[PDB]
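Residue numbers (this note's numbering), protein chains in the order written: chain U, 343 to 384; chain W, 108 to 187; chain H, 11 to 40; chain X, 1447 to 2179; chain E, 9 to 151; chain D, 2 to 155; chain B, 980 to 1087; chain Z, 2 to 109.
Data block below; observations after.
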Amino acid sequence: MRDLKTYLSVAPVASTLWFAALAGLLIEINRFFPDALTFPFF
Amino acid sequence: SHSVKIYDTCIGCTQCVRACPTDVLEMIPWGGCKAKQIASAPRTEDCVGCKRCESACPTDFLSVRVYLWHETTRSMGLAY
Amino acid sequence: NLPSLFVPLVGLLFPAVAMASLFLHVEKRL
Amino acid sequence: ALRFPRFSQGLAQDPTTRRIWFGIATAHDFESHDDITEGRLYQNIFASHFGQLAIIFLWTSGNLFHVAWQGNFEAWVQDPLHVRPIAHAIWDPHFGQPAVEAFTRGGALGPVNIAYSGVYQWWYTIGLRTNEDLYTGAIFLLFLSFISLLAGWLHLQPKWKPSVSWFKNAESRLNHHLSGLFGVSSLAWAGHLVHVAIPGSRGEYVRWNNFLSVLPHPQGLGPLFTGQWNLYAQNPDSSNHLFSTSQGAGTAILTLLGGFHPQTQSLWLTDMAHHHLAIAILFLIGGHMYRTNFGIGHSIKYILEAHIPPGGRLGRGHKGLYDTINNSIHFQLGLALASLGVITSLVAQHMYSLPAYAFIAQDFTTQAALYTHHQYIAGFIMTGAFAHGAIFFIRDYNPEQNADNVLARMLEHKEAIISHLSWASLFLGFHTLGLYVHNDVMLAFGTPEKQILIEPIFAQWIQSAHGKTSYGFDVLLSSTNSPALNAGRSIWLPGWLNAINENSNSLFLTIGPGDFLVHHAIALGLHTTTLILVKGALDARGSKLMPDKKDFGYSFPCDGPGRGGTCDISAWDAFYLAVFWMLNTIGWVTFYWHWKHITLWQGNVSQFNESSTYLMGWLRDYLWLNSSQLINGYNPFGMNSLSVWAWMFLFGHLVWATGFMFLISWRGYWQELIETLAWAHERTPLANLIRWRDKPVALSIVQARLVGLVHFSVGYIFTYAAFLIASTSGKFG
Amino acid sequence: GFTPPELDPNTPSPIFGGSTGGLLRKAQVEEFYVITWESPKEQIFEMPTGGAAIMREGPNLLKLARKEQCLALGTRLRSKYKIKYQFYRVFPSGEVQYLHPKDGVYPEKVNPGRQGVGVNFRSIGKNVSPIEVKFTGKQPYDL
Amino acid sequence: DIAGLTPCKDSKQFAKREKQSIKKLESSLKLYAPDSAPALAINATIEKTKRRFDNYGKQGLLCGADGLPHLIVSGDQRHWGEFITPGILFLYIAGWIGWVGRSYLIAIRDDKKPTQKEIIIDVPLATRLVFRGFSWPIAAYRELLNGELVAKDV
Amino acid sequence: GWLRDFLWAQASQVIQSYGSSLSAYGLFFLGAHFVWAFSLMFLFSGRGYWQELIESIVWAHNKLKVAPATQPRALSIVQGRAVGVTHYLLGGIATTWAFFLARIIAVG
Amino acid sequence: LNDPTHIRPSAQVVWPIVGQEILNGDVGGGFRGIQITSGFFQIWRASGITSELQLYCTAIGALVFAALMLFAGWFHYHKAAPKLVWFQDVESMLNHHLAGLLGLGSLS
Ligand code: CLA
Ligand code: CLA
Ligand code: CLA
Ligand code: CLA
Ligand code: CLA
Ligand code: CLA
Ligand SMILES: CC1=C(/C=C/C(C)=C/C=C/C(C)=C/C=C/C=C(C)/C=C/C=C(C)/C=C/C2=C(C)CCCC2(C)C)C(C)(C)CCC1
Ligand SMILES: CC1=C(/C=C/C(C)=C/C=C/C(C)=C\C=C\C=C(C)\C=C\C=C(C)\C=C\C2=C(C)CCCC2(C)C)C(C)(C)CCC1
Ligand SMILES: CC1=C(C/C=C(\C)CCC[C@H](C)CCC[C@H](C)CCCC(C)C)C(=O)c2ccccc2C1=O
Ligand SMILES: [Ca+2]
């Protein structure tokens, strides 16, 4: 259990989790706010 | 022939001689380190310039140096 | 007419002479 | 010595084929020759300079001879816009009949090559008219070549060979080069313009026979000495003027009009005469700065010693630099090559925008060829300049004599320099590539409106500052109330503003987002090439991986596989790497120029403006589209005059690709292979009757880097040259 | 004091069928090499050039083309087997030059009769800059 | 307007692009039954297209003769949404990331085996440190003043 | 004839695929060209240069207390070669991939 | 399967996120997607497969066999790991791969 959390902390796994979260986030942002060349809220 | 030199930073671990594939280097007595021996290059006419000795030196910086120089049949490793 | 003389002169004769001569100089032993 | 090379005993004693190769590649590195002295060094260089000058004169003499004897010059002068000039005739016994037919053009009796050097427009502009004039030129230049050989020979015998102290007399050489070599030459050239070229522009044929009878100006000499020089600017040529004729001809010999000749689309000859006269005066007066034999002038050493800021942010300033540079021929060659490369690119940028030769701006293949030519020359010259900076740091640099001056401080903070060049190159690369790729994805998904198109508003604002009205920024020269506009309204500004706002010429072409992106690619290439060369020069004396590198020389294979592996760790290797980046950079520059102009010349400027913002646009609408006539120069259905460019086009593709061999395969593979071949030869009957005098070996490590870079470069240049000339000349527009 | 053993011809050579890896014209007109060793038995060993040969019981003589081949095979003889070896250089005049072990002691073992060659008594970083030996034949490491 | 451009709300080429795009998607739409799912998808792309062009027109983007937005990065206050404002956002996020990573490296540098936490992330420490990036500009400014930002004599 | 009637001719589909469902093959065409040219950096150079450059970059990181404990090193000589040939092969093969698929899907 | 000479085989559909739905092209049969060049449609037709349901059942069986193979890997490395003599029984292995694997496979 402790060893498994350790394995899940290793560089490639933490990287896939981190960038997968980041990708879902950016995808959803471009889903609710698509296109957009500018920051329109000023 | 390639020039090969030893520097008094040498600690006499003998690894340059052990690495040399043409027997260029020897261990001679000396009083400057604990091992009481320092390397020497008395047969550089057989030196092929592969720098295995330099790969073998633990001193920072190196205490063997191979200065590749005038090429010969022996330095080019030719069997023909 | 002149190109029919000088084109083979510098494209055949001159390279043959220069290559042979340089070959001799380069293979010489003193 | 005992055999070739006689200047290197270590090479002559080599029993392998290497002896020959390295004998060739080291023949000019005098400092590495056996028994070299400083005197011998300088004298060999000096004589080599005379030999170079002789080569240059002989070469120009040959060009003159061939234009006169096989060219169109006399016919071309009568119709500049409808005669293709002739470089020389083609006598190749390999031609079939179709090649004889298809290459016979320009109104000639057999196959010929059309010249794309632009010497017809130049010689026409400066006053040459007949083939006879050209022959007189060619014989004059052959004569000059001979006297170059004569002086170079002469200064190699004693009492005619100069001491090194004479070579190191810098102040005198600067005074004579500024005042005499630059100034007086320019002044004399203004002479040729007002006595010959301008008369020939007004219908008067002035040669050596009658140039003493003719006056250059009706009142001339007398308004000059009175100090009322404006009488020479009085009656310029008319805006309606025919260049070989007296129609519209004026009498002015020195003007400052500012634009172009409406017929020839080139600079006014009176403008150019005035120019060379004025800068000639500046060089004459400036060539009296340094001290020689008369008790007045500057000690350059003393000036350098004097320029040390207090507070010590530059340490000891420029102290010791006079000897550091005067004693190092590599430092001098580095400064010369750097400056010369800058002004070579400057020539490239100013000859397409401000053409100085009659009827050259309408010859589009020539303008493209010349711009490409000089930009690649400039690139090679720059890489060489940095190369000799590095060689300076290794061979000549004396750390103790430059202690704590600006030069040593370059080495002292080299990691900040190299690291910030790395940062700039990474920023430029990430973002320029990123924007190009974004735009390509937008056009792939069918949404061009989603592109990132940044207006080059700063350069646009500069063009407005020059008086261009395309962007409506209303700044100086673009605005009526500007003092800068008022100050020049009476002089150059009418012609200048007239020229800049004409839509046909290449004077400050209109720019948009596509120009923004390529300009940032160009910034990337300058920064990366500069990063490679600067890191190479500053790490030439050593790094943490090789702290004693200065003891190994400029060029060595490597330092073995120890300490992690050390391939390409020498400074020469940094040059070798940077040449690739230079070819890339000048490739971007010339792709840019040629596409913008080839769209301008077709009236289809929009195609560049819309297609240059994504890379598929460059691949499809520039290279692919303009290869059409080229690759059909010969085909299963026949040939045409473009075949020589089709063939060459593949030739380059071949040579380039051959280079990859020497660059990807390394030596040991080939050395073992050659050992098997030696066995094969010795064990083959009849053939073993023949023995080699030199032991066949694989090329050296460095030698392969050089050979592969040379194939890569020859293929690069020849490929792009074939495409450039075929794609432009095939259309001529 | 050490006396090099003279090369004894008529010393037997290992059992081997021949290979394309052996001597060439270089051995006839320039130089070749000879390695001798004492074996306790008949063994199979890898040839530095061909494939496999049979080391003979007793004295073995083996002519090779390069010094490095002698030292490679000898290194292996001393390692895989436990065999003393010597080797020599042989010129086309018949002259022989004893090479290794030069002292009768292997060179990695310090022996007192040995004189220093190419030894510089300074750190490597104290070598002078090239400019200080320019136009002189010297190299900064030759000091 | 700026640089000779025209507002995309006033650009004929811009409206021609919107028209040709929409008619293109409708040409694809004529092939499918209007109740079908491909049809609803092409309708969604059409609505998204109208939203796109209408938004670019609204927020004041200038257009070239190409009918495409061009961005004014000079700093002109009418166009800060095109670079300066997203640029400040970027610098905030990038400064956050770098400041947090630097905080982690400083935090593990005196460990008995530093590299051990560089290949296997100390996630509790990382979670403790991620929200320091929220105030990274104050922290880095204070470090610059205090002399903790730059290593001495390097 | 190979350059003209094969490559130049049959590449028109992949360079004309933008705006269609085949545009992915255009993107992969250009990207595979990119990784292929990218391999030439590794195949034509050597790790000594890169390790020296990295020495300067490392200096810059130590200046700001952000140098990593896992010391950065240039790739090994062998790894330089392996990276090089891997990207060369991927770039060339994927380039021909996009070329083929766009061509034969359009005209087939 | 109805109209093979007209419809283009397509087995991948993309989500409409960032503009990429253009890659869902007209492949026929009232279907938007990416045309596939693997050949599975001709295999499935040659195997008599008609319904999507049969493809579902094959996908489930394939998934089960993935689980079984993975299990056997763990089992024969961690539980019952064959002896070296077992591997070296070459005559047994060739006899079972010639007659058992290839023969009974081809017959099945
Ligand atoms: C140095 C510039 C130069 C260049 C690049 C060329 C190039 C060419 N010439 Mg020309 N030529 C030149 C100068 C030059 N020439 C000069 C100064 C003369 C005397 C006025 C001639 C007279 C000449 C004739 C009569 C012919 C050519 C021909 C040719 C073409 C075929 C090559 C040939 O026949 O050999 C060149 C023949 C020569 C006599 C050239 C030698 C002239 C001087 C002395 C050059 C010095 C040579 C020297 C011994 C070696 C120096 C090496 C190099 C730097 C020159 C070729 C394109 C032929 C042609 O047109 O084919 C269609 C032809 O029939 N040339
Ligand atoms: C297309 C060919 C190509 C490319 C892309 C590069 C790229 C680069 N070179 Mg190189 N070079 C090349 C050819 C090429 N080179 C050749 C043929 C030679 C002769 C051997 C050289 C020799 C050379 C030297 C000597 C030097 C460079 C330098 C550089 C860097 C310059 C700075 C920069 O632009 O920032 C970055 C630019 C990029 C284009 C990186 C592209 C990759 C991006 C980051 C993709 C992002 C990843 C993305 C999410 C996908 C992930 C994939 C997934 C599987 C992980 C850069 C990474 C200089 C350097 O190191 O700069 C500091 C340097 O000194 N090059
Ligand atoms: C199900 C639980 C389980 C557990 C806890 C272990 C535990 C262990 N195994 Mg075992 N093993 C398992 C299942 C398991 N195994 C299975 C299912 C197989 C069949 C493949 C094996 C076969 C096996 C072998 C042959 C060996 C071990 C070894 C080991 C020990 C070394 C540690 C390790 O494996 O790190 C490894 C950590 C990993 C994350 C490995 C991941 C590999 C996966 C399968 C690759 C996935 C492919 C991927 C999708 C490719 C796409 C990439 C793309 C995204 C770019 C370790 C104690 C090794 C040993 O004895 O050590 C001396 C040993 O040699 N195992
Ligand atoms: C006024 C300009 C100038 C001067 C006088 C020098 C002077 C010198 N250079 Mg420098 N250099 C220059 C410009 C200059 N260079 C430029 C422009 C570059 C960038 C390309 C360099 C880069 C450079 C490097 C990297 C090196 C030198 C070296 C040297 C020294 C020895 C050269 C030598 O003997 O090799 C003899 C030259 C040759 C045998 C030429 C053969 C190879 C050429 C390139 C192939 C020609 C291309 C091909 C045949 C074209 C035909 C194709 C066909 C299909 C038509 C020498 C003092 C070398 C040196 O000594 O370092 C200390 C050294 O390594 N130079
Ligand atoms: C007024 C006296 C005088 C003059 C005329 C010269 C002239 C010259 N010297 Mg000398 N020198 C002098 C005094 C003088 N020197 C004295 C007193 C000393 C001792 C202190 C020296 C010692 C010295 C040495 C040691 C050397 C020279 C060398 C040279 C030559 C340089 C090579 C060259 O052709 O560049 C010509 C320069 C120009 C034409 C002007 C600059 C060119 C500009 C920047 C670029 C082009 C401008 C323009 C746009 C061109 C349009 C192009 C179009 C026409 C096609 C040159 C002809 C070198 C040489 O070559 O040896 C033979 C050399 O080694 N000099
Ligand atoms: C803590 C992470 C970190 C920080 C603060 C810096 C800081 C800096 N870098 Mg560096 N770098 C990093 C990581 C980092 N780098 C990594 C991982 C690499 C290898 C890919 C590099 C490779 C690199 C090069 C080649 C160069 C720099 C340069 C620079 C300096 C200029 C800014 C720049 O160019 O950024 C550029 C950033 C990158 C190229 C990659 C950054 C990678 C990500 C975005 C950051 C790392 C995040 C990390 C995993 C966080 C861990 C989370 C933790 C809390 C658990 C600057 C001081 C330049 C320089 O020397 O300036 C003078 C330069 O030449 N960096
Ligand atoms: C390494 C080295 C070296 C080399 C180096 C180099 C190679 C450099 C370079 C460089 C370069 C290549 C530079 C450039 C530059 C430029 C500049 C500096 C500019 C100027 C400018 C200005 C100031 C201008 C102005 C103006 C005017 C006048 C008018 C119009 C407007 C304007 C604004 C534009 C040496 C040998 C030395 C030494 C050793 C080391
Ligand atoms: C405004 C504007 C503009 C301009 C700009 C400019 C011109 C700028 C400048 C800038 C600059 C000139 C800057 C500088 C710099 C310097 C230095 C010296 C640096 C530094 C940095 C650092 C030190 C960092 C740190 C950090 C942090 C803080 C975070 C993360 C981590 C780290 C560590 C990285 C434009 C028009 C474009 C656009 C519009 C707006
Ligand atoms: C460019 C190049 C390099 C430099 C290239 C390197 C060092 C590749 C390594 C770069 C990657 C990006 C480092 C990985 C960084 C970590 C993955 C952390 C990233 C942080 C997150 C974004 C995951 C060499 O080392 C080399 C060696 C031998 C011959 C040729 C070359 C060569 O051409
Ligand atoms: Ca204009």
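Where a beta carbon is used, it is the ideal one built from N, C-alpha and C, also for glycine.
Taking 7 Å as the cut-off between beta carbons, the residues of the region 1832 to 1856 of chain X near chain E are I1840, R1841, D1842, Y1843, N1844, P1845, in sequence order. Residues of chain X with a Cβ closer than 8 Å to the Cβ of U:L379 are, in chain order, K1896, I1898.
Judged by DSSP in its simplified three-state form, E:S47 adopts strand. Note that the C-beta distance between X:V1529 and X:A1521 is below 7 Å.
X:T2012 belongs to the set of residues whose beta carbon lies under 7 Å from a beta carbon in chain B. Put simply, the backbone Cα of E:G126 is about 28 Å away from that of X:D1985. X:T1893 reaches chain Z at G20, counting residues in chain order whose Cβ is nearer than 8 Å. Nearest CB-CB separation between Z:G40 and chain B: not below the 7 Å threshold. A direct Cα-to-Cα measurement between D:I120 and D:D36 gives close to 54 Å. Looking only at X:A2150, X:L2088, X:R1452, the smallest Cα-Cα distance to X:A2168 is reached by X:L2088. Between X:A1561 and Z:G29, the alpha-carbon positions lie close to 58 Å from each other. Under the Cβ distance rule, D:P39 does not count among the residues neighbouring chain B, no pair being separated by less than 7 Å. For D:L72, the residues of chain X that pass the 9 Å Cβ criterion are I1898, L1899, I1900, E1901, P1959, in the order they occur in the chain. When secondary structure is reduced to three states using DSSP, X:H1912 falls in the coil class, being assigned neither helix nor strand. With a contact defined as Cβ atoms closer than 8 Å, E:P148 and X:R1841 miss out at about 12 Å. Contacts with chain X at 7 Å (Cβ-Cβ) include Z:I23. The distance from the Cβ of X:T2059 to that of X:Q2053 is about 12 Å, inconsistent with a contact at the 8 Å cut-off. Under the three-state reduction of DSSP, D:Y105 is assigned to helix.
Annotated three-state conformation of X:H1707 is coil, per DSSP. Taking 6 Å as the cut-off, the C-beta of B:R1026 does not count as close to any heavy atom of ligand 6. When the beta-carbon positions are compared, W:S182 and W:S108 come within less than 7 Å of each other. About 12 Å separates the CB atoms of X:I1699 and X:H1722; that is not less than 8 Å, and the two are not in contact. Within the chosen limit of 6 Å, ligand 2 does not reach the beta carbon of B:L1006 with any heavy atom. Within chain E, no residue has its beta carbon less than 7 Å from that of X:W2138; the closest one is some 10 Å off. Per DSSP, the beta bridge partners of E:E54 are E:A60. For U:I369, the neighbours in chain Z by C-beta distance under 8 Å run, in chain order, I18, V19.
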